[PDB]
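Next up, work-v1.cif (mmCIF, N, CA and C atoms):
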data_upload
loop_
_atom_site.group_PDB
_atom_site.id
_atom_site.type_symbol
_atom_site.label_atom_id
_atom_site.label_comp_id
_atom_site.auth_asym_id
_atom_site.auth_seq_id
_atom_site.Cartn_x
_atom_site.Cartn_y
_atom_site.Cartn_z
ATOM 1 N N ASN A 1 215.701 302.495 86.250
ATOM 2 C CA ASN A 1 216.792 302.948 85.406
ATOM 3 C C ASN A 1 216.672 304.443 85.230
ATOM 4 N N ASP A 2 217.753 305.088 84.828
ATOM 5 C CA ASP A 2 217.777 306.553 84.638
ATOM 6 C C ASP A 2 217.142 306.961 83.308
ATOM 7 N N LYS A 3 216.670 305.972 82.581
ATOM 8 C CA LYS A 3 216.059 306.184 81.278
ATOM 9 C C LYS A 3 214.758 306.975 81.352
ATOM 10 N N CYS A 4 214.023 306.874 82.450
ATOM 11 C CA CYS A 4 212.734 307.579 82.555
ATOM 12 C C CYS A 4 212.953 309.099 82.496
ATOM 13 N N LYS A 5 213.952 309.562 83.230
ATOM 14 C CA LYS A 5 214.264 310.975 83.288
ATOM 15 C C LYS A 5 214.939 311.456 82.017
ATOM 16 N N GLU A 6 215.550 310.546 81.300
ATOM 17 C CA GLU A 6 216.107 310.867 80.015
ATOM 18 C C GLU A 6 215.015 310.935 78.959
ATOM 19 N N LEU A 7 214.247 309.864 78.834
ATOM 20 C CA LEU A 7 213.226 309.735 77.793
ATOM 21 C C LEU A 7 212.161 310.815 77.877
ATOM 22 N N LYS A 8 211.701 311.155 79.078
ATOM 23 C CA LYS A 8 210.629 312.161 79.200
ATOM 24 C C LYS A 8 211.162 313.582 78.902
ATOM 25 N N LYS A 9 212.459 313.709 78.878
ATOM 26 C CA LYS A 9 213.113 314.960 78.568
ATOM 27 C C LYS A 9 213.404 315.012 77.060
ATOM 28 N N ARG A 10 213.664 313.849 76.498
ATOM 29 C CA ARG A 10 213.913 313.694 75.067
ATOM 30 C C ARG A 10 212.607 313.831 74.308
ATOM 31 N N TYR A 11 211.567 313.293 74.891
ATOM 32 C CA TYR A 11 210.234 313.372 74.351
ATOM 33 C C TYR A 11 209.372 314.119 75.380
ATOM 34 N N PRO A 12 209.507 315.458 75.462
ATOM 35 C CA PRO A 12 208.877 316.248 76.522
ATOM 36 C C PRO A 12 207.366 316.422 76.378
ATOM 37 N N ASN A 13 206.839 316.180 75.206
ATOM 38 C CA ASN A 13 205.398 316.304 75.013
ATOM 39 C C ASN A 13 204.777 314.940 74.891
ATOM 40 N N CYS A 14 205.600 313.942 75.011
ATOM 41 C CA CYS A 14 205.165 312.578 74.907
ATOM 42 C C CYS A 14 204.920 312.007 76.283
ATOM 43 N N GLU A 15 204.264 310.885 76.327
ATOM 44 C CA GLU A 15 203.992 310.231 77.568
ATOM 45 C C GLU A 15 204.854 309.010 77.693
ATOM 46 N N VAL A 16 205.841 309.096 78.533
ATOM 47 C CA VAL A 16 206.707 307.983 78.788
ATOM 48 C C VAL A 16 206.163 307.234 79.983
ATOM 49 N N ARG A 17 205.601 306.088 79.736
ATOM 50 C CA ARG A 17 205.106 305.266 80.798
ATOM 51 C C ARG A 17 206.255 304.503 81.388
ATOM 52 N N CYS A 18 206.633 304.895 82.567
ATOM 53 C CA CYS A 18 207.733 304.296 83.260
ATOM 54 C C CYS A 18 207.221 303.294 84.270
ATOM 55 N N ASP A 19 207.500 302.051 84.029
ATOM 56 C CA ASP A 19 207.137 300.983 84.932
ATOM 57 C C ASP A 19 208.368 300.158 85.233
ATOM 58 N N UNK A 20 209.092 300.486 86.301
ATOM 59 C CA UNK A 20 210.351 299.818 86.638
ATOM 60 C C UNK A 20 211.380 300.086 85.555
ATOM 61 N N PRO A 21 211.885 299.031 84.916
ATOM 62 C CA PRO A 21 212.791 299.160 83.801
ATOM 63 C C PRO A 21 212.030 299.206 82.463
ATOM 64 N N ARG A 22 210.706 299.200 82.534
ATOM 65 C CA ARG A 22 209.872 299.236 81.339
ATOM 66 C C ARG A 22 209.522 300.668 81.000
ATOM 67 N N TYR A 23 209.923 301.106 79.832
ATOM 68 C CA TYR A 23 209.673 302.462 79.410
ATOM 69 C C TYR A 23 209.022 302.452 78.055
ATOM 70 N N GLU A 24 207.776 302.810 78.028
ATOM 71 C CA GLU A 24 207.016 302.837 76.803
ATOM 72 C C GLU A 24 206.584 304.269 76.520
ATOM 73 N N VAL A 25 207.138 304.862 75.494
ATOM 74 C CA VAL A 25 206.838 306.242 75.174
ATOM 75 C C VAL A 25 205.772 306.356 74.081
ATOM 76 N N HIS A 26 204.771 307.157 74.342
ATOM 77 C CA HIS A 26 203.724 307.434 73.383
ATOM 78 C C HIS A 26 203.875 308.846 72.872
ATOM 79 N N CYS A 27 204.007 308.985 71.585
ATOM 80 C CA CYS A 27 204.159 310.275 70.953
ATOM 81 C C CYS A 27 203.090 310.469 69.902
#
So, in terms of structure tokens, how does the structure I just supplied come out?
Amino acid sequence: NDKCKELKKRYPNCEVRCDXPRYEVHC
């Protein structure tokens, strides 16, 4: 999904673990 490129930009200092459609962001 395009969410990985969105989320890691929304949370730029956070770690967005992108696994397929699984997106787990650590802030």
Output, as lines of an AutoDock Vina configuration file, the centre and edge lengths in Å (one decimal) of the axis-aligned box that contains all listed atoms of stretch 3-21 of chain A with 3 Å of margin on each side.
center_x = 210.3
center_y = 307.7
center_z = 80.5
size_x = 18.7
size_y = 23.4
size_z = 18.3
List the spatial neighbours of residue A:27 as a PyMOL selection string - criterion: any atom at most 7 Å away, all atoms listed in the file, same-chain residues fewer than 2 positions off excluded.
chain A and resi 13-15+25
Starting from the PyMOL selection byres (((chain A and resi 4 and name CA) around 9) and name CA), expand the selection into actual residues of this file and give them as a list in words.
residues 1, 2, 3, 5, 6, 7, 8, 9, 16, 17, 18, 19, 21, 22 and 23 of chain A
Any chance you could export the current selection's N, CA and C atoms as a CSV table (one decimal), in the frame of the given file?
chain,number,residue,atom,x,y,z
A,1,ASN,N,215.7,302.5,86.2
A,1,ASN,CA,216.8,302.9,85.4
A,1,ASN,C,216.7,304.4,85.2
A,2,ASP,N,217.8,305.1,84.8
A,2,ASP,CA,217.8,306.6,84.6
A,2,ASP,C,217.1,307.0,83.3
A,3,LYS,N,216.7,306.0,82.6
A,3,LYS,CA,216.1,306.2,81.3
A,3,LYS,C,214.8,307.0,81.4
A,5,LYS,N,214.0,309.6,83.2
A,5,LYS,CA,214.3,311.0,83.3
A,5,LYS,C,214.9,311.5,82.0
A,6,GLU,N,215.6,310.5,81.3
A,6,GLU,CA,216.1,310.9,80.0
A,6,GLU,C,215.0,310.9,79.0
A,7,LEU,N,214.2,309.9,78.8
A,7,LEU,CA,213.2,309.7,77.8
A,7,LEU,C,212.2,310.8,77.9
A,8,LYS,N,211.7,311.2,79.1
A,8,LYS,CA,210.6,312.2,79.2
A,8,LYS,C,211.2,313.6,78.9
A,9,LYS,N,212.5,313.7,78.9
A,9,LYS,CA,213.1,315.0,78.6
A,9,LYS,C,213.4,315.0,77.1
A,16,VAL,N,205.8,309.1,78.5
A,16,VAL,CA,206.7,308.0,78.8
A,16,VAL,C,206.2,307.2,80.0
A,17,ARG,N,205.6,306.1,79.7
A,17,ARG,CA,205.1,305.3,80.8
A,17,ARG,C,206.3,304.5,81.4
A,18,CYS,N,206.6,304.9,82.6
A,18,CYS,CA,207.7,304.3,83.3
A,18,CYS,C,207.2,303.3,84.3
A,19,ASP,N,207.5,302.1,84.0
A,19,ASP,CA,207.1,301.0,84.9
A,19,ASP,C,208.4,300.2,85.2
A,21,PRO,N,211.9,299.0,84.9
A,21,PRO,CA,212.8,299.2,83.8
A,21,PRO,C,212.0,299.2,82.5
A,22,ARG,N,210.7,299.2,82.5
A,22,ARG,CA,209.9,299.2,81.3
A,22,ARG,C,209.5,300.7,81.0
A,23,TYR,N,209.9,301.1,79.8
A,23,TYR,CA,209.7,302.5,79.4
A,23,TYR,C,209.0,302.5,78.1
DSSP strand (DSSP E or B) residues within chain A, as an MDAnalysis selection string
chainID A and resid 15:19 22:26
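Per DSSP on the backbone, helix (DSSP H, G or I) in chain A comprises residues 3, 4, 5, 6, 7, 8, 9 and 10 of chain A.
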Mind writing the picked residues with N, CA and C atoms as a PDB file, keeping the file's coordinate frame?
ATOM      1  N   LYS A   3     216.670 305.972  82.581  1.00  0.00           N
ATOM      2  CA  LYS A   3     216.059 306.184  81.278  1.00  0.00           C
ATOM      3  C   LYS A   3     214.758 306.975  81.352  1.00  0.00           C
ATOM      4  N   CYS A   4     214.023 306.874  82.450  1.00  0.00           N
ATOM      5  CA  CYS A   4     212.734 307.579  82.555  1.00  0.00           C
ATOM      6  C   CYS A   4     212.953 309.099  82.496  1.00  0.00           C
ATOM      7  N   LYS A   5     213.952 309.562  83.230  1.00  0.00           N
ATOM      8  CA  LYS A   5     214.264 310.975  83.288  1.00  0.00           C
ATOM      9  C   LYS A   5     214.939 311.456  82.017  1.00  0.00           C
ATOM     10  N   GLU A   6     215.550 310.546  81.300  1.00  0.00           N
ATOM     11  CA  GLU A   6     216.107 310.867  80.015  1.00  0.00           C
ATOM     12  C   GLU A   6     215.015 310.935  78.959  1.00  0.00           C
ATOM     13  N   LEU A   7     214.247 309.864  78.834  1.00  0.00           N
ATOM     14  CA  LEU A   7     213.226 309.735  77.793  1.00  0.00           C
ATOM     15  C   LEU A   7     212.161 310.815  77.877  1.00  0.00           C
ATOM     16  N   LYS A   8     211.701 311.155  79.078  1.00  0.00           N
ATOM     17  CA  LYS A   8     210.629 312.161  79.200  1.00  0.00           C
ATOM     18  C   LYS A   8     211.162 313.582  78.902  1.00  0.00           C
ATOM     19  N   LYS A   9     212.459 313.709  78.878  1.00  0.00           N
ATOM     20  CA  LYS A   9     213.113 314.960  78.568  1.00  0.00           C
ATOM     21  C   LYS A   9     213.404 315.012  77.060  1.00  0.00           C
ATOM     22  N   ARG A  10     213.664 313.849  76.498  1.00  0.00           N
ATOM     23  CA  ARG A  10     213.913 313.694  75.067  1.00  0.00           C
ATOM     24  C   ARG A  10     212.607 313.831  74.308  1.00  0.00           C
TER      25      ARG A  10
END
